[PDB]
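Single chain ahead, written as structure tokens, the form deposited in one PDB entry.
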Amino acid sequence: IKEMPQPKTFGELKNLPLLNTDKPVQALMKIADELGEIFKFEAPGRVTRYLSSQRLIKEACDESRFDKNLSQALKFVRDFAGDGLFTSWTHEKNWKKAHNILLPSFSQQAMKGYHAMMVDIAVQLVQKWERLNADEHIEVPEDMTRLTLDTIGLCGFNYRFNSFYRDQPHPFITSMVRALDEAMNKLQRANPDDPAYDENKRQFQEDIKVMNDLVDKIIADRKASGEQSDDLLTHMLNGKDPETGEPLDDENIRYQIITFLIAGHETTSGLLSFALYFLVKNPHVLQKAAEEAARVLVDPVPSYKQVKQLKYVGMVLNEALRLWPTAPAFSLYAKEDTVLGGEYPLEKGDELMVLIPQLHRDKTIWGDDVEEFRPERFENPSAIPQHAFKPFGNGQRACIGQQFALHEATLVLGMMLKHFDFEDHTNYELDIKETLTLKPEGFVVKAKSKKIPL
């Protein structure tokens, strides 16, 4: 049995001031580089252990030994995402019920149904870029977030956010972004009761009311009309859990909708942003990806079958998820006393944090070149060890949106590479903003149209 290292302390605040930074995940990554595969992290009233090696993470991913934990980030997001799938405990009735009802909505087979809606928004992105003047550039995370919010609005509840028509966000989205900001800033506060945060707390309750009022009105307007659009909302109003035989109640459906809107706004847009970043920084890779896009997407409207043929585009997306998994951590608790790694005794209830960006840099798995962007690592899916690559979390609590996200990202990146050449005209220095997720702030490019009709 071994004693684990611990980063520098601040007296009675223990390690908590290490999170007083706009880039706490990047700070924890640097601490893992200094300390190794495991370190203890303490705050007043709390202890966790940060894991970075595939050796320890493969054990943490054993569902017989560990279940999903709500990290302080997720407990704070739970104040507006409720017992939706992302912020429920595995043992809460609504977790398994919603999981069983929603799984078929999110299958690879269901993607054939969403494809046409995804294409609608992707074509809006391509037309936006085709219509820029010579002197203009693209704001990449801004445009990718317009796309992914619109896609989940249309697939989620047949609602057009029309993000490509506006500068200012939808009222729901201003409240959702401000609530995500509160939840993520609050876990850093050395003195959460400071009157300096009274206004933040007032605003947070206001933002919860806005999200609830607006989503509850979407649900009630849909129940009033009777309309049967092929969207997640229809599936949730109609679907029955085989186990309980019950449908979701209207409060839980509201939490699921809020949850899908957080996911679409925060995650897939980060992935696309990082992927285009690595492509403009790696022109050999961009050429191989653009060759596949040109050869496969032979029609002005991509088909479902064509998007499945974009093998290398998919490899690019996986390599971007390796280096910068946009949802960069997940948390576990020990179901019972257990020894991790033959070395670290844990008691029932003990928490672990999985630092996904560090897992994905384990040289014992990936080799010495871990910082290089090389989609060829993913040529042969067989060759990636179990629990080596975990950008969608683990087991029954893995991302239900994984197929949706990869379908949208493969479609959109393929269309981008078909329709334009890209220039890193500013020699962009990567600057990773942390919200719920990671995104490359201030990333801009110029696109030169290949002048291929839609």
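From 1 onward, residues are counted along the sequence shown. Superpose the two forms; the largest set of C-alphas matching within 1.5 Å is the rigid core.
Absent from the display: the form deposited in another entry. The rest refers to it.
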Rigid core superposition between this form and the one not shown: residue from 173, 286, 370, 119 with Cα shift of 2 Å or more: 173
Relative to the superposed rigid core, does residue 222 relocate between this form and the one not shown - that is, does its Cα move 2 Å or more? yes
Align both forms on the core first, then report whether residue 384 has a C-alpha shift of 2 Å or more between this form and the one not shown. no
For residue 213, decide whether the Cα shift between this form and the one not shown is 2 Å or greater, given a superposition on the rigid core. yes
Between residue 141 and residue 170, does the Cα distance in that other deposited form come out closer or farther than in this form, changing by 3 Å or more? closer
Output row for the residue 221-residue 119 CA distance, |change| of 3 angstroms or more in that other deposited form, reads closer
